[PDB]
$ cat protein03.cif   # mmCIF, C-alpha atoms
data_final
loop_
_atom_site.label_atom_id
_atom_site.label_comp_id
_atom_site.auth_asym_id
_atom_site.auth_seq_id
_atom_site.Cartn_x
_atom_site.Cartn_y
_atom_site.Cartn_z
CA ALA A 1 30.30 28.66 -60.04
CA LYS A 2 28.52 28.41 -56.60
CA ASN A 3 29.43 24.80 -56.11
CA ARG A 4 27.40 23.67 -59.12
CA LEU A 5 27.81 20.15 -60.48
CA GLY A 6 31.02 19.61 -62.32
CA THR A 7 32.75 22.74 -61.02
CA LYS A 8 35.31 23.10 -58.23
CA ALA A 9 33.80 23.59 -54.77
CA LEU A 10 34.72 26.81 -53.04
CA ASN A 11 37.71 26.65 -50.71
CA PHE A 12 37.67 27.52 -47.02
CA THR A 13 39.79 27.23 -43.91
CA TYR A 14 38.65 24.98 -41.09
CA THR A 15 39.92 24.79 -37.55
CA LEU A 16 39.96 21.50 -35.60
CA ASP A 17 39.33 21.17 -31.89
CA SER A 18 43.09 20.85 -31.43
CA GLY A 19 43.52 24.29 -33.10
CA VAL A 20 45.10 22.83 -36.20
CA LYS A 21 44.14 24.75 -39.44
CA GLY A 22 43.54 23.26 -42.85
CA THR A 23 41.74 24.01 -46.02
CA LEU A 24 39.34 22.11 -48.28
CA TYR A 25 41.81 22.24 -51.13
CA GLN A 26 44.59 20.80 -48.94
CA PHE A 27 42.39 17.85 -47.77
CA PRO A 28 43.50 14.61 -49.42
CA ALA A 29 40.89 12.06 -50.45
CA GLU A 30 39.78 10.22 -53.58
CA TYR A 31 36.29 11.32 -52.47
CA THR A 32 35.54 14.04 -49.96
CA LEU A 33 32.11 13.98 -48.34
CA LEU A 34 31.64 17.54 -47.18
CA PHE A 35 29.11 17.63 -44.35
CA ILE A 36 27.90 21.15 -43.43
CA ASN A 37 26.26 20.85 -40.02
CA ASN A 38 25.05 22.81 -37.04
CA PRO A 39 24.81 20.12 -34.53
CA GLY A 40 22.35 22.14 -32.49
CA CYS A 41 19.53 20.21 -34.41
CA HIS A 42 17.57 16.94 -34.87
CA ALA A 43 18.08 16.48 -38.62
CA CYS A 44 21.84 16.84 -37.98
CA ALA A 45 21.81 14.13 -35.29
CA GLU A 46 19.99 11.77 -37.61
CA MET A 47 22.40 12.52 -40.47
CA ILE A 48 25.35 11.73 -38.17
CA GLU A 49 23.68 8.48 -37.22
CA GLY A 50 22.90 7.73 -40.84
CA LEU A 51 26.47 8.30 -41.96
CA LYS A 52 27.76 6.03 -39.17
CA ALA A 53 25.25 3.26 -40.09
CA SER A 54 25.51 3.34 -43.90
CA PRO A 55 26.92 0.11 -45.37
CA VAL A 56 27.97 1.84 -48.57
CA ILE A 57 29.69 4.78 -46.98
CA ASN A 58 31.40 2.52 -44.39
CA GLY A 59 32.81 0.36 -47.21
CA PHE A 60 34.32 3.44 -48.87
CA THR A 61 35.70 4.86 -45.62
CA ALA A 62 37.21 1.49 -44.61
CA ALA A 63 38.90 1.21 -48.01
CA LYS A 64 40.40 4.70 -47.44
CA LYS A 65 38.76 6.05 -50.64
CA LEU A 66 36.29 8.45 -48.89
CA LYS A 67 36.86 10.87 -46.07
CA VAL A 68 34.19 12.88 -44.27
CA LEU A 69 34.97 16.58 -43.68
CA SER A 70 32.42 18.05 -41.30
CA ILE A 71 32.24 21.84 -41.21
CA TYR A 72 30.39 24.06 -38.77
CA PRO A 73 29.78 27.50 -40.32
CA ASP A 74 28.00 29.30 -37.46
CA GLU A 75 28.97 31.18 -34.20
CA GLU A 76 28.35 28.81 -31.29
CA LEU A 77 31.79 27.43 -30.87
CA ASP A 78 31.18 26.32 -27.29
CA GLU A 79 28.14 24.28 -28.38
CA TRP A 80 29.99 22.78 -31.33
CA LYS A 81 32.69 21.91 -28.79
CA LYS A 82 29.79 20.43 -26.77
CA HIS A 83 28.60 18.27 -29.71
CA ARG A 84 32.02 17.42 -31.19
CA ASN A 85 32.19 13.88 -29.86
CA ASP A 86 28.90 13.12 -31.61
CA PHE A 87 30.90 12.84 -34.82
CA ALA A 88 32.85 9.73 -35.65
CA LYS A 89 36.47 10.14 -34.53
CA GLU A 90 37.67 9.07 -37.97
CA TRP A 91 35.96 12.04 -39.60
CA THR A 92 37.69 15.43 -39.87
CA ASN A 93 35.52 17.72 -37.79
CA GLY A 94 36.16 21.47 -38.03
CA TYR A 95 34.65 24.90 -37.59
CA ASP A 96 34.86 28.07 -39.61
CA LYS A 97 36.66 30.31 -37.16
CA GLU A 98 36.44 33.49 -39.17
CA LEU A 99 32.87 32.81 -40.44
CA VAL A 100 34.06 33.05 -44.03
CA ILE A 101 31.49 30.70 -45.50
CA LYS A 102 28.69 32.86 -44.11
CA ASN A 103 30.26 36.27 -44.61
CA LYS A 104 31.38 35.60 -48.17
CA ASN A 105 28.28 33.47 -49.06
CA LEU A 106 30.48 30.62 -50.19
CA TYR A 107 27.88 27.87 -49.67
CA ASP A 108 24.09 27.98 -49.36
CA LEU A 109 23.39 27.37 -45.67
CA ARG A 110 19.60 27.65 -45.70
CA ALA A 111 18.96 23.94 -45.45
CA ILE A 112 21.78 22.59 -43.24
CA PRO A 113 22.56 19.77 -42.73
CA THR A 114 23.83 19.42 -46.26
CA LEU A 115 26.15 17.04 -48.11
CA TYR A 116 28.43 17.58 -51.08
CA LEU A 117 30.33 14.71 -52.69
CA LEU A 118 33.60 15.91 -54.21
CA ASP A 119 36.23 14.11 -56.30
CA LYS A 120 39.98 14.16 -55.69
CA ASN A 121 40.28 17.64 -57.22
CA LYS A 122 37.27 18.95 -55.27
CA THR A 123 35.05 18.91 -58.35
CA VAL A 124 31.42 18.64 -57.31
CA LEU A 125 29.99 15.17 -58.00
CA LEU A 126 26.80 15.74 -55.98
CA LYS A 127 25.51 19.10 -54.74
CA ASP A 128 23.24 19.19 -51.67
CA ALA A 129 22.55 15.47 -51.82
CA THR A 130 20.62 13.34 -49.46
CA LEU A 131 22.50 10.53 -47.77
CA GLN A 132 20.61 8.02 -49.89
CA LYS A 133 21.63 9.79 -53.09
CA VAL A 134 25.30 9.67 -51.99
CA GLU A 135 24.92 5.93 -51.30
CA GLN A 136 23.32 5.35 -54.69
CA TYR A 137 26.06 7.26 -56.50
CA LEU A 138 28.84 5.39 -54.74
CA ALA A 139 27.25 1.92 -55.16
CA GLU A 140 27.12 2.41 -58.97
#
$ encode --input "protein03.cif" --output "structure tokens"
Amino acid sequence: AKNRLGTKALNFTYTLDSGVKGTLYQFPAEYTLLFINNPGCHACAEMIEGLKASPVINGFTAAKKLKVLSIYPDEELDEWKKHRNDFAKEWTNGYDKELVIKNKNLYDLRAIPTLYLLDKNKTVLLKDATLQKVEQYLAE
């Protein structure tokens, strides 16, 4: 259902810098914050900084309830490899090796960077949310 609220987000395979493979559906977390990024941009840098600074998100990450899964869906692997240490080490930072998200239109990429907040089953709690909307939801 194209990642609409209250439906299961679409699965995909990510590859880490180490070459390890995993999927969204295999990723364990009470809350997954899916962060679709192309770190070749200014809005992305500020979203990284915002996620690192956020009191609310930091409380949830420290309590082991929320995990950030960053996913790069585009072709510039060398540049992603260039920007990979921009991400917090604690986050799970991967790329879409096969370009499945793009080629199968699994997620709307027009306005990257984009956040989805997912529950333990990968049901969409927030679709294409701002950081402040994620904070508001979690502070409830």
$ atom_distance --input "protein03.cif" --atom1 "atom CA of residue 14 of chain A" --atom2 "atom CA of residue 71 of chain A"
7.1 Å
$ atom_distance --input "protein03.cif" --atom1 "atom CA of residue 56 of chain A" --atom2 "atom CA of residue 127 of chain A"
18.5 Å
$ atom_distance --input "protein03.cif" --atom1 "atom CA of residue 35 of chain A" --atom2 "atom CA of residue 111 of chain A"
12.0 Å
$ closest_residue --input "protein03.cif" --among "A:119, A:42, A:139, A:110" --to "residue 9 of chain A" --atoms "all atoms listed in the file"
A:119
$ closest_residue --input "protein03.cif" --among "A:133, A:97, A:64, A:102" --to "residue 117 of chain A" --atoms "all atoms listed in the file"
A:133
$ resolve_selection --input "protein03.cif" --expression "the PyMOL selection byres ((chain A and resi 22) around 12)" --output "PDB file with C-alpha atoms, in the coordinates of the input"
ATOM      1  CA  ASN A  11      37.710  26.650 -50.710  1.00  0.00           C
ATOM      2  CA  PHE A  12      37.670  27.520 -47.020  1.00  0.00           C
ATOM      3  CA  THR A  13      39.790  27.230 -43.910  1.00  0.00           C
ATOM      4  CA  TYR A  14      38.650  24.980 -41.090  1.00  0.00           C
ATOM      5  CA  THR A  15      39.920  24.790 -37.550  1.00  0.00           C
ATOM      6  CA  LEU A  16      39.960  21.500 -35.600  1.00  0.00           C
ATOM      7  CA  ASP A  17      39.330  21.170 -31.890  1.00  0.00           C
ATOM      8  CA  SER A  18      43.090  20.850 -31.430  1.00  0.00           C
ATOM      9  CA  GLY A  19      43.520  24.290 -33.100  1.00  0.00           C
ATOM     10  CA  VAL A  20      45.100  22.830 -36.200  1.00  0.00           C
ATOM     11  CA  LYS A  21      44.140  24.750 -39.440  1.00  0.00           C
ATOM     12  CA  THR A  23      41.740  24.010 -46.020  1.00  0.00           C
ATOM     13  CA  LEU A  24      39.340  22.110 -48.280  1.00  0.00           C
ATOM     14  CA  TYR A  25      41.810  22.240 -51.130  1.00  0.00           C
ATOM     15  CA  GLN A  26      44.590  20.800 -48.940  1.00  0.00           C
ATOM     16  CA  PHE A  27      42.390  17.850 -47.770  1.00  0.00           C
ATOM     17  CA  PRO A  28      43.500  14.610 -49.420  1.00  0.00           C
ATOM     18  CA  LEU A  69      34.970  16.580 -43.680  1.00  0.00           C
ATOM     19  CA  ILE A  71      32.240  21.840 -41.210  1.00  0.00           C
ATOM     20  CA  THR A  92      37.690  15.430 -39.870  1.00  0.00           C
ATOM     21  CA  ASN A  93      35.520  17.720 -37.790  1.00  0.00           C
ATOM     22  CA  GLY A  94      36.160  21.470 -38.030  1.00  0.00           C
ATOM     23  CA  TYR A  95      34.650  24.900 -37.590  1.00  0.00           C
ATOM     24  CA  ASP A  96      34.860  28.070 -39.610  1.00  0.00           C
ATOM     25  CA  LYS A  97      36.660  30.310 -37.160  1.00  0.00           C
TER      26      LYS A  97
END
$ resolve_selection --input "protein03.cif" --expression "the PyMOL selection byres ((chain A and resi 3) around 12)" --output "ChimeraX atom specification"
/A:1-2,4-11,34,105-108,115-118,122-128
$ closest_residue --input "protein03.cif" --among "A:137, A:72, A:80, A:87" --to "residue 57 of chain A" --atoms "all atoms listed in the file"
A:137
$ resolve_selection --input "protein03.cif" --expression "the PyMOL selection byres ((chain A and resi 55) around 12)" --output "NGL selection string"
:A and (50-54 or 56-62 or 131-132 or 134-136 or 138-139)
$ closest_residue --input "protein03.cif" --among "A:66, A:109, A:104, A:75" --to "residue 91 of chain A" --atoms "only C-alpha atoms"
A:66
$ closest_residue --input "protein03.cif" --among "A:103, A:121, A:68, A:86" --to "residue 39 of chain A" --atoms "only C-alpha atoms"
A:86
$ closest_residue --input "protein03.cif" --among "A:140, A:113, A:63, A:129" --to "residue 41 of chain A" --atoms "all atoms listed in the file"
A:113
$ axis_aligned_box --input "protein03.cif" --around "segment 30-49 of chain A" --padding-each-side "3 Å" --output "JSON"
{"center_x": 28.7, "center_y": 15.6, "center_z": -43.0, "size_x": 28.2, "size_y": 20.3, "size_z": 27.1}
